[PDB]
file target01.pdb (PDB, N, CA, C and O atoms)
ATOM      1  N   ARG L   1     -13.766  -7.834   1.754  1.00  0.00           N
ATOM      2  CA  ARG L   1     -12.443  -7.156   1.664  1.00  0.00           C
ATOM      3  C   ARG L   1     -12.580  -5.891   0.819  1.00  0.00           C
ATOM      4  O   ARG L   1     -13.105  -5.953  -0.295  1.00  0.00           O
ATOM      5  N   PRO L   2     -12.126  -4.735   1.346  1.00  0.00           N
ATOM      6  CA  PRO L   2     -12.241  -3.512   0.545  1.00  0.00           C
ATOM      7  C   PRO L   2     -11.552  -3.636  -0.814  1.00  0.00           C
ATOM      8  O   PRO L   2     -10.462  -4.209  -0.909  1.00  0.00           O
ATOM      9  N   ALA L   3     -12.190  -3.098  -1.852  1.00  0.00           N
ATOM     10  CA  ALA L   3     -11.639  -3.119  -3.206  1.00  0.00           C
ATOM     11  C   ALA L   3     -10.224  -2.552  -3.268  1.00  0.00           C
ATOM     12  O   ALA L   3      -9.391  -3.031  -4.044  1.00  0.00           O
ATOM     13  N   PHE L   4      -9.945  -1.541  -2.448  1.00  0.00           N
ATOM     14  CA  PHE L   4      -8.637  -0.904  -2.487  1.00  0.00           C
ATOM     15  C   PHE L   4      -7.502  -1.872  -2.145  1.00  0.00           C
ATOM     16  O   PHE L   4      -6.369  -1.658  -2.564  1.00  0.00           O
ATOM     17  N   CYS L   5      -7.816  -2.938  -1.408  1.00  0.00           N
ATOM     18  CA  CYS L   5      -6.827  -3.951  -1.030  1.00  0.00           C
ATOM     19  C   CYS L   5      -6.288  -4.755  -2.213  1.00  0.00           C
ATOM     20  O   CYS L   5      -5.218  -5.365  -2.110  1.00  0.00           O
ATOM     21  N   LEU L   6      -7.038  -4.778  -3.316  1.00  0.00           N
ATOM     22  CA  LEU L   6      -6.657  -5.570  -4.490  1.00  0.00           C
ATOM     23  C   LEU L   6      -5.890  -4.748  -5.515  1.00  0.00           C
ATOM     24  O   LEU L   6      -5.449  -5.274  -6.543  1.00  0.00           O
ATOM     25  N   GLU L   7      -5.736  -3.462  -5.229  1.00  0.00           N
ATOM     26  CA  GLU L   7      -5.040  -2.551  -6.123  1.00  0.00           C
ATOM     27  C   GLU L   7      -3.531  -2.578  -5.887  1.00  0.00           C
ATOM     28  O   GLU L   7      -3.076  -2.821  -4.757  1.00  0.00           O
ATOM     29  N   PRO L   8      -2.738  -2.339  -6.954  1.00  0.00           N
ATOM     30  CA  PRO L   8      -1.291  -2.349  -6.810  1.00  0.00           C
ATOM     31  C   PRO L   8      -0.805  -1.110  -6.067  1.00  0.00           C
ATOM     32  O   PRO L   8      -1.552  -0.130  -5.951  1.00  0.00           O
ATOM     33  N   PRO L   9       0.443  -1.142  -5.568  1.00  0.00           N
ATOM     34  CA  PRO L   9       0.966   0.018  -4.861  1.00  0.00           C
ATOM     35  C   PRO L   9       1.069   1.213  -5.800  1.00  0.00           C
ATOM     36  O   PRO L   9       1.357   1.048  -6.995  1.00  0.00           O
ATOM     37  N   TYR L  10       0.814   2.399  -5.255  1.00  0.00           N
ATOM     38  CA  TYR L  10       0.889   3.631  -6.025  1.00  0.00           C
ATOM     39  C   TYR L  10       1.983   4.541  -5.467  1.00  0.00           C
ATOM     40  O   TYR L  10       1.835   5.136  -4.397  1.00  0.00           O
ATOM     41  N   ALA L  11       3.088   4.629  -6.203  1.00  0.00           N
ATOM     42  CA  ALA L  11       4.231   5.443  -5.798  1.00  0.00           C
ATOM     43  C   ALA L  11       3.895   6.925  -5.840  1.00  0.00           C
ATOM     44  O   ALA L  11       4.310   7.689  -4.968  1.00  0.00           O
ATOM     45  N   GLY L  12       3.144   7.321  -6.864  1.00  0.00           N
ATOM     46  CA  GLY L  12       2.807   8.717  -7.069  1.00  0.00           C
ATOM     47  C   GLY L  12       3.966   9.518  -7.627  1.00  0.00           C
ATOM     48  O   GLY L  12       5.064   8.990  -7.814  1.00  0.00           O
ATOM     49  N   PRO L  13       3.721  10.807  -7.904  1.00  0.00           N
ATOM     50  CA  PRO L  13       4.698  11.679  -8.549  1.00  0.00           C
ATOM     51  C   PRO L  13       5.679  12.374  -7.601  1.00  0.00           C
ATOM     52  O   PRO L  13       6.490  13.189  -8.053  1.00  0.00           O
ATOM     53  N   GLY L  14       5.610  12.065  -6.309  1.00  0.00           N
ATOM     54  CA  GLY L  14       6.458  12.727  -5.324  1.00  0.00           C
ATOM     55  C   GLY L  14       7.908  12.288  -5.351  1.00  0.00           C
ATOM     56  O   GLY L  14       8.223  11.171  -5.776  1.00  0.00           O
ATOM     57  N   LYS L  15       8.790  13.164  -4.875  1.00  0.00           N
ATOM     58  CA  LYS L  15      10.226  12.881  -4.876  1.00  0.00           C
ATOM     59  C   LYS L  15      10.740  12.161  -3.627  1.00  0.00           C
ATOM     60  O   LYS L  15      11.853  11.640  -3.645  1.00  0.00           O
ATOM     61  N   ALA L  16       9.943  12.126  -2.557  1.00  0.00           N
ATOM     62  CA  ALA L  16      10.361  11.456  -1.322  1.00  0.00           C
ATOM     63  C   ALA L  16      10.587   9.960  -1.549  1.00  0.00           C
ATOM     64  O   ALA L  16      10.071   9.388  -2.509  1.00  0.00           O
ATOM     65  N   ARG L  17      11.362   9.336  -0.663  1.00  0.00           N
ATOM     66  CA  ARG L  17      11.659   7.905  -0.750  1.00  0.00           C
ATOM     67  C   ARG L  17      11.188   7.187   0.514  1.00  0.00           C
ATOM     68  O   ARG L  17      11.992   6.632   1.272  1.00  0.00           O
ATOM     69  N   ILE L  18       9.873   7.196   0.722  1.00  0.00           N
ATOM     70  CA  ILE L  18       9.272   6.708   1.956  1.00  0.00           C
ATOM     71  C   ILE L  18       8.930   5.231   1.825  1.00  0.00           C
ATOM     72  O   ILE L  18       8.246   4.822   0.883  1.00  0.00           O
ATOM     73  N   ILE L  19       9.411   4.425   2.768  1.00  0.00           N
ATOM     74  CA  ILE L  19       9.082   3.009   2.767  1.00  0.00           C
ATOM     75  C   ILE L  19       7.697   2.809   3.376  1.00  0.00           C
ATOM     76  O   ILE L  19       7.453   3.138   4.545  1.00  0.00           O
ATOM     77  N   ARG L  20       6.793   2.302   2.546  1.00  0.00           N
ATOM     78  CA  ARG L  20       5.436   1.987   2.961  1.00  0.00           C
ATOM     79  C   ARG L  20       5.126   0.543   2.607  1.00  0.00           C
ATOM     80  O   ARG L  20       5.958  -0.149   1.999  1.00  0.00           O
ATOM     81  N   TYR L  21       3.937   0.090   2.996  1.00  0.00           N
ATOM     82  CA  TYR L  21       3.521  -1.287   2.772  1.00  0.00           C
ATOM     83  C   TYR L  21       2.191  -1.339   2.051  1.00  0.00           C
ATOM     84  O   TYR L  21       1.323  -0.492   2.272  1.00  0.00           O
ATOM     85  N   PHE L  22       2.051  -2.325   1.175  1.00  0.00           N
ATOM     86  CA  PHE L  22       0.766  -2.600   0.559  1.00  0.00           C
ATOM     87  C   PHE L  22       0.395  -4.044   0.813  1.00  0.00           C
ATOM     88  O   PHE L  22       1.262  -4.899   1.024  1.00  0.00           O
ATOM     89  N   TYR L  23      -0.905  -4.305   0.821  1.00  0.00           N
ATOM     90  CA  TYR L  23      -1.390  -5.671   0.838  1.00  0.00           C
ATOM     91  C   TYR L  23      -1.350  -6.205  -0.585  1.00  0.00           C
ATOM     92  O   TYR L  23      -2.009  -5.665  -1.480  1.00  0.00           O
ATOM     93  N   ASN L  24      -0.554  -7.248  -0.783  1.00  0.00           N
ATOM     94  CA  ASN L  24      -0.450  -7.910  -2.066  1.00  0.00           C
ATOM     95  C   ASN L  24      -1.457  -9.060  -2.078  1.00  0.00           C
ATOM     96  O   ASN L  24      -1.201 -10.140  -1.533  1.00  0.00           O
ATOM     97  N   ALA L  25      -2.611  -8.806  -2.691  1.00  0.00           N
ATOM     98  CA  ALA L  25      -3.718  -9.760  -2.687  1.00  0.00           C
ATOM     99  C   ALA L  25      -3.372 -11.052  -3.411  1.00  0.00           C
ATOM    100  O   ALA L  25      -3.873 -12.122  -3.055  1.00  0.00           O
ATOM    101  N   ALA L  26      -2.511 -10.954  -4.422  1.00  0.00           N
ATOM    102  CA  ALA L  26      -2.057 -12.135  -5.159  1.00  0.00           C
ATOM    103  C   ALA L  26      -1.399 -13.131  -4.216  1.00  0.00           C
ATOM    104  O   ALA L  26      -1.567 -14.337  -4.369  1.00  0.00           O
ATOM    105  N   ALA L  27      -0.664 -12.608  -3.236  1.00  0.00           N
ATOM    106  CA  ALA L  27       0.129 -13.421  -2.318  1.00  0.00           C
ATOM    107  C   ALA L  27      -0.485 -13.590  -0.924  1.00  0.00           C
ATOM    108  O   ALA L  27      -0.042 -14.444  -0.153  1.00  0.00           O
ATOM    109  N   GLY L  28      -1.485 -12.775  -0.596  1.00  0.00           N
ATOM    110  CA  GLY L  28      -2.030 -12.747   0.766  1.00  0.00           C
ATOM    111  C   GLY L  28      -0.965 -12.329   1.763  1.00  0.00           C
ATOM    112  O   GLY L  28      -0.856 -12.895   2.857  1.00  0.00           O
ATOM    113  N   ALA L  29      -0.180 -11.327   1.377  1.00  0.00           N
ATOM    114  CA  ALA L  29       0.965 -10.895   2.165  1.00  0.00           C
ATOM    115  C   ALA L  29       1.181  -9.396   2.048  1.00  0.00           C
ATOM    116  O   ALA L  29       0.861  -8.789   1.019  1.00  0.00           O
ATOM    117  N   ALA L  30       1.728  -8.810   3.111  1.00  0.00           N
ATOM    118  CA  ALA L  30       2.126  -7.408   3.113  1.00  0.00           C
ATOM    119  C   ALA L  30       3.512  -7.287   2.491  1.00  0.00           C
ATOM    120  O   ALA L  30       4.392  -8.119   2.750  1.00  0.00           O
ATOM    121  N   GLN L  31       3.703  -6.252   1.673  1.00  0.00           N
ATOM    122  CA  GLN L  31       4.948  -6.061   0.938  1.00  0.00           C
ATOM    123  C   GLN L  31       5.349  -4.589   0.949  1.00  0.00           C
ATOM    124  O   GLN L  31       4.498  -3.708   0.826  1.00  0.00           O
ATOM    125  N   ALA L  32       6.646  -4.328   1.086  1.00  0.00           N
ATOM    126  CA  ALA L  32       7.165  -2.968   1.076  1.00  0.00           C
ATOM    127  C   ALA L  32       7.208  -2.381  -0.329  1.00  0.00           C
ATOM    128  O   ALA L  32       7.409  -3.096  -1.320  1.00  0.00           O
ATOM    129  N   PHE L  33       7.024  -1.066  -0.400  1.00  0.00           N
ATOM    130  CA  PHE L  33       7.212  -0.312  -1.635  1.00  0.00           C
ATOM    131  C   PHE L  33       7.678   1.098  -1.311  1.00  0.00           C
ATOM    132  O   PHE L  33       7.647   1.522  -0.151  1.00  0.00           O
ATOM    133  N   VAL L  34       8.120   1.816  -2.341  1.00  0.00           N
ATOM    134  CA  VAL L  34       8.604   3.181  -2.174  1.00  0.00           C
ATOM    135  C   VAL L  34       7.525   4.183  -2.581  1.00  0.00           C
ATOM    136  O   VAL L  34       7.086   4.215  -3.737  1.00  0.00           O
ATOM    137  N   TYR L  35       7.116   4.999  -1.614  1.00  0.00           N
ATOM    138  CA  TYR L  35       6.077   6.003  -1.806  1.00  0.00           C
ATOM    139  C   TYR L  35       6.713   7.389  -1.874  1.00  0.00           C
ATOM    140  O   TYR L  35       7.594   7.710  -1.081  1.00  0.00           O
ATOM    141  N   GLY L  36       6.266   8.197  -2.835  1.00  0.00           N
ATOM    142  CA  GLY L  36       6.854   9.510  -3.088  1.00  0.00           C
ATOM    143  C   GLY L  36       6.364  10.655  -2.215  1.00  0.00           C
ATOM    144  O   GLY L  36       6.849  11.776  -2.346  1.00  0.00           O
ATOM    145  N   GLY L  37       5.407  10.390  -1.331  1.00  0.00           N
ATOM    146  CA  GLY L  37       4.953  11.408  -0.383  1.00  0.00           C
ATOM    147  C   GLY L  37       3.764  12.242  -0.819  1.00  0.00           C
ATOM    148  O   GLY L  37       3.265  13.056  -0.040  1.00  0.00           O
ATOM    149  N   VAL L  38       3.316  12.064  -2.058  1.00  0.00           N
ATOM    150  CA  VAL L  38       2.128  12.776  -2.540  1.00  0.00           C
ATOM    151  C   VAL L  38       1.106  11.866  -3.233  1.00  0.00           C
ATOM    152  O   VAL L  38       1.465  10.939  -3.966  1.00  0.00           O
ATOM    153  N   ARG L  39      -0.168  12.141  -2.952  1.00  0.00           N
ATOM    154  CA  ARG L  39      -1.312  11.507  -3.614  1.00  0.00           C
ATOM    155  C   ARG L  39      -1.418  10.004  -3.359  1.00  0.00           C
ATOM    156  O   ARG L  39      -1.756   9.226  -4.253  1.00  0.00           O
ATOM    157  N   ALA L  40      -1.150   9.617  -2.113  1.00  0.00           N
ATOM    158  CA  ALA L  40      -1.320   8.237  -1.672  1.00  0.00           C
ATOM    159  C   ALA L  40      -2.709   7.718  -2.002  1.00  0.00           C
ATOM    160  O   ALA L  40      -3.706   8.437  -1.864  1.00  0.00           O
ATOM    161  N   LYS L  41      -2.761   6.470  -2.449  1.00  0.00           N
ATOM    162  CA  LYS L  41      -4.016   5.736  -2.528  1.00  0.00           C
ATOM    163  C   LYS L  41      -4.154   4.901  -1.249  1.00  0.00           C
ATOM    164  O   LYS L  41      -3.268   4.926  -0.388  1.00  0.00           O
ATOM    165  N   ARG L  42      -5.260   4.179  -1.106  1.00  0.00           N
ATOM    166  CA  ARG L  42      -5.578   3.541   0.169  1.00  0.00           C
ATOM    167  C   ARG L  42      -4.733   2.311   0.511  1.00  0.00           C
ATOM    168  O   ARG L  42      -4.579   1.987   1.689  1.00  0.00           O
ATOM    169  N   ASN L  43      -4.204   1.616  -0.495  1.00  0.00           N
ATOM    170  CA  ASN L  43      -3.359   0.455  -0.230  1.00  0.00           C
ATOM    171  C   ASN L  43      -1.926   0.918   0.044  1.00  0.00           C
ATOM    172  O   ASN L  43      -1.009   0.716  -0.761  1.00  0.00           O
ATOM    173  N   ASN L  44      -1.758   1.556   1.200  1.00  0.00           N
ATOM    174  CA  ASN L  44      -0.543   2.276   1.542  1.00  0.00           C
ATOM    175  C   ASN L  44      -0.537   2.428   3.060  1.00  0.00           C
ATOM    176  O   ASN L  44      -1.315   3.211   3.615  1.00  0.00           O
ATOM    177  N   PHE L  45       0.329   1.657   3.717  1.00  0.00           N
ATOM    178  CA  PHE L  45       0.318   1.495   5.170  1.00  0.00           C
ATOM    179  C   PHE L  45       1.692   1.756   5.768  1.00  0.00           C
ATOM    180  O   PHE L  45       2.715   1.584   5.099  1.00  0.00           O
ATOM    181  N   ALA L  46       1.713   2.139   7.041  1.00  0.00           N
ATOM    182  CA  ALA L  46       2.966   2.429   7.739  1.00  0.00           C
ATOM    183  C   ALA L  46       3.764   1.177   8.112  1.00  0.00           C
ATOM    184  O   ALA L  46       4.962   1.267   8.389  1.00  0.00           O
ATOM    185  N   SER L  47       3.103   0.020   8.135  1.00  0.00           N
ATOM    186  CA  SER L  47       3.732  -1.223   8.561  1.00  0.00           C
ATOM    187  C   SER L  47       3.076  -2.408   7.882  1.00  0.00           C
ATOM    188  O   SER L  47       1.919  -2.328   7.444  1.00  0.00           O
ATOM    189  N   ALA L  48       3.807  -3.519   7.835  1.00  0.00           N
ATOM    190  CA  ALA L  48       3.233  -4.771   7.360  1.00  0.00           C
ATOM    191  C   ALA L  48       2.039  -5.170   8.227  1.00  0.00           C
ATOM    192  O   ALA L  48       1.014  -5.642   7.721  1.00  0.00           O
ATOM    193  N   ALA L  49       2.180  -4.980   9.539  1.00  0.00           N
ATOM    194  CA  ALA L  49       1.112  -5.303  10.481  1.00  0.00           C
ATOM    195  C   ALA L  49      -0.182  -4.577  10.129  1.00  0.00           C
ATOM    196  O   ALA L  49      -1.243  -5.199  10.083  1.00  0.00           O
ATOM    197  N   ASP L  50      -0.102  -3.272   9.875  1.00  0.00           N
ATOM    198  CA  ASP L  50      -1.318  -2.522   9.589  1.00  0.00           C
ATOM    199  C   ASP L  50      -1.934  -2.914   8.243  1.00  0.00           C
ATOM    200  O   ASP L  50      -3.162  -2.940   8.101  1.00  0.00           O
ATOM    201  N   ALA L  51      -1.087  -3.222   7.258  1.00  0.00           N
ATOM    202  CA  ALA L  51      -1.579  -3.693   5.965  1.00  0.00           C
ATOM    203  C   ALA L  51      -2.402  -4.977   6.128  1.00  0.00           C
ATOM    204  O   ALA L  51      -3.493  -5.103   5.561  1.00  0.00           O
ATOM    205  N   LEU L  52      -1.885  -5.929   6.905  1.00  0.00           N
ATOM    206  CA  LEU L  52      -2.653  -7.140   7.188  1.00  0.00           C
ATOM    207  C   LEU L  52      -3.891  -6.844   8.023  1.00  0.00           C
ATOM    208  O   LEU L  52      -4.958  -7.394   7.759  1.00  0.00           O
ATOM    209  N   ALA L  53      -3.755  -5.996   9.040  1.00  0.00           N
ATOM    210  CA  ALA L  53      -4.904  -5.666   9.882  1.00  0.00           C
ATOM    211  C   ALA L  53      -6.066  -5.176   9.021  1.00  0.00           C
ATOM    212  O   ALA L  53      -7.211  -5.582   9.225  1.00  0.00           O
ATOM    213  N   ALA L  54      -5.766  -4.319   8.048  1.00  0.00           N
ATOM    214  CA  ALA L  54      -6.810  -3.720   7.226  1.00  0.00           C
ATOM    215  C   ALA L  54      -7.348  -4.658   6.147  1.00  0.00           C
ATOM    216  O   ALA L  54      -8.555  -4.692   5.891  1.00  0.00           O
ATOM    217  N   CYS L  55      -6.455  -5.416   5.514  1.00  0.00           N
ATOM    218  CA  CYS L  55      -6.789  -6.062   4.252  1.00  0.00           C
ATOM    219  C   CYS L  55      -6.839  -7.586   4.255  1.00  0.00           C
ATOM    220  O   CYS L  55      -7.323  -8.172   3.288  1.00  0.00           O
ATOM    221  N   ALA L  56      -6.352  -8.235   5.310  1.00  0.00           N
ATOM    222  CA  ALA L  56      -6.262  -9.697   5.275  1.00  0.00           C
ATOM    223  C   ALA L  56      -7.613 -10.413   5.323  1.00  0.00           C
ATOM    224  O   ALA L  56      -7.763 -11.482   4.729  1.00  0.00           O
ATOM    225  N   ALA L  57      -8.583  -9.839   6.034  1.00  0.00           N
ATOM    226  CA  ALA L  57      -9.892 -10.473   6.187  1.00  0.00           C
ATOM    227  C   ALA L  57     -10.625 -10.550   4.860  1.00  0.00           C
ATOM    228  O   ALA L  57     -10.578  -9.618   4.051  1.00  0.00           O
ATOM    229  N   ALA L  58     -11.305 -11.674   4.650  1.00  0.00           N
ATOM    230  CA  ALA L  58     -12.141 -11.871   3.472  1.00  0.00           C
ATOM    231  C   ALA L  58     -13.236 -10.810   3.389  1.00  0.00           C
ATOM    232  O   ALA L  58     -13.682 -10.460   2.300  1.00  0.00           O
TER     233      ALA L  58
END
call {"tool": "encode", "arguments": {"input": "target01.pdb", "output": "structure tokens"}}
result
Amino acid sequence: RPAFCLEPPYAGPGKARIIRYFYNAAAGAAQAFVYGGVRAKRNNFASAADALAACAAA
């Protein structure tokens, strides 16, 4: 599993209010968060489906 999958969501310093998803490794589940539109890190997906697709596998 990529290391980035275990990192917490990163909102960043942007002013936008974009709904994105992160893989919550603690829970083994995709979870929504608010992304500001700048300086996204890798645990940041357009959908719950894509978050699981990328990060669910061991």
call {"tool": "resolve_selection", "arguments": {"input": "target01.pdb", "expression": "the PyMOL selection byres (((chain L and resi 25-42 and name CA) around 7) and name CA)", "output": "PyMOL selection string"}}
result
chain L and resi 4-6+10-24+43-44+48+51-52+56
call {"tool": "write_last_selection", "arguments": {"input": "target01.pdb", "atoms": "N, CA, C and O atoms", "output": "compact mmCIF listing (two decimals), in the coordinates of the input"}}
result
# COMPACT_ATOMS: atom_id res chain seq x y z
N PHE L 4 -9.94 -1.54 -2.45
CA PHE L 4 -8.64 -0.90 -2.49
C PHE L 4 -7.50 -1.87 -2.14
O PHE L 4 -6.37 -1.66 -2.56
N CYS L 5 -7.82 -2.94 -1.41
CA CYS L 5 -6.83 -3.95 -1.03
C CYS L 5 -6.29 -4.76 -2.21
O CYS L 5 -5.22 -5.36 -2.11
N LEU L 6 -7.04 -4.78 -3.32
CA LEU L 6 -6.66 -5.57 -4.49
C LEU L 6 -5.89 -4.75 -5.52
O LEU L 6 -5.45 -5.27 -6.54
N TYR L 10 0.81 2.40 -5.26
CA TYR L 10 0.89 3.63 -6.02
C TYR L 10 1.98 4.54 -5.47
O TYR L 10 1.84 5.14 -4.40
N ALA L 11 3.09 4.63 -6.20
CA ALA L 11 4.23 5.44 -5.80
C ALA L 11 3.90 6.92 -5.84
O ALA L 11 4.31 7.69 -4.97
N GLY L 12 3.14 7.32 -6.86
CA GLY L 12 2.81 8.72 -7.07
C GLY L 12 3.97 9.52 -7.63
O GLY L 12 5.06 8.99 -7.81
N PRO L 13 3.72 10.81 -7.90
CA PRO L 13 4.70 11.68 -8.55
C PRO L 13 5.68 12.37 -7.60
O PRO L 13 6.49 13.19 -8.05
N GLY L 14 5.61 12.06 -6.31
CA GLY L 14 6.46 12.73 -5.32
C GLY L 14 7.91 12.29 -5.35
O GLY L 14 8.22 11.17 -5.78
N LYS L 15 8.79 13.16 -4.88
CA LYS L 15 10.23 12.88 -4.88
C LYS L 15 10.74 12.16 -3.63
O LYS L 15 11.85 11.64 -3.64
N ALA L 16 9.94 12.13 -2.56
CA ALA L 16 10.36 11.46 -1.32
C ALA L 16 10.59 9.96 -1.55
O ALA L 16 10.07 9.39 -2.51
N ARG L 17 11.36 9.34 -0.66
CA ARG L 17 11.66 7.90 -0.75
C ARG L 17 11.19 7.19 0.51
O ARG L 17 11.99 6.63 1.27
N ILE L 18 9.87 7.20 0.72
CA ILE L 18 9.27 6.71 1.96
C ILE L 18 8.93 5.23 1.82
O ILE L 18 8.25 4.82 0.88
N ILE L 19 9.41 4.42 2.77
CA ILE L 19 9.08 3.01 2.77
C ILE L 19 7.70 2.81 3.38
O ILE L 19 7.45 3.14 4.54
N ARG L 20 6.79 2.30 2.55
CA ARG L 20 5.44 1.99 2.96
C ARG L 20 5.13 0.54 2.61
O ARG L 20 5.96 -0.15 2.00
N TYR L 21 3.94 0.09 3.00
CA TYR L 21 3.52 -1.29 2.77
C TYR L 21 2.19 -1.34 2.05
O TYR L 21 1.32 -0.49 2.27
N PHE L 22 2.05 -2.33 1.18
CA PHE L 22 0.77 -2.60 0.56
C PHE L 22 0.40 -4.04 0.81
O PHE L 22 1.26 -4.90 1.02
N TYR L 23 -0.90 -4.30 0.82
CA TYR L 23 -1.39 -5.67 0.84
C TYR L 23 -1.35 -6.20 -0.58
O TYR L 23 -2.01 -5.66 -1.48
N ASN L 24 -0.55 -7.25 -0.78
CA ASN L 24 -0.45 -7.91 -2.07
C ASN L 24 -1.46 -9.06 -2.08
O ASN L 24 -1.20 -10.14 -1.53
N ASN L 43 -4.20 1.62 -0.50
CA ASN L 43 -3.36 0.46 -0.23
C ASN L 43 -1.93 0.92 0.04
O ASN L 43 -1.01 0.72 -0.76
N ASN L 44 -1.76 1.56 1.20
CA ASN L 44 -0.54 2.28 1.54
C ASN L 44 -0.54 2.43 3.06
O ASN L 44 -1.32 3.21 3.62
N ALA L 48 3.81 -3.52 7.84
CA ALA L 48 3.23 -4.77 7.36
C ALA L 48 2.04 -5.17 8.23
O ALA L 48 1.01 -5.64 7.72
N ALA L 51 -1.09 -3.22 7.26
CA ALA L 51 -1.58 -3.69 5.96
C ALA L 51 -2.40 -4.98 6.13
O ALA L 51 -3.49 -5.10 5.56
N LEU L 52 -1.88 -5.93 6.90
CA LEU L 52 -2.65 -7.14 7.19
C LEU L 52 -3.89 -6.84 8.02
O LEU L 52 -4.96 -7.39 7.76
N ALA L 56 -6.35 -8.24 5.31
CA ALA L 56 -6.26 -9.70 5.28
C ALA L 56 -7.61 -10.41 5.32
O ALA L 56 -7.76 -11.48 4.73
call {"tool": "select_by_dssp", "arguments": {"input": "target01.pdb", "residues": "chain L", "states": "alpha helix (DSSP H)", "output": "list in words"}}
result
residues 48, 49, 50, 51, 52, 53, 54 and 55 of chain L
call {"tool": "axis_aligned_box", "arguments": {"input": "target01.pdb", "around": "stretch 8-22 of chain L", "padding_each_side": "5 Å", "output": "lines of an AutoDock Vina configuration file"}}
result
center_x = 4.6
center_y = 4.1
center_z = -2.0
size_x = 24.7
size_y = 28.1
size_z = 23.1
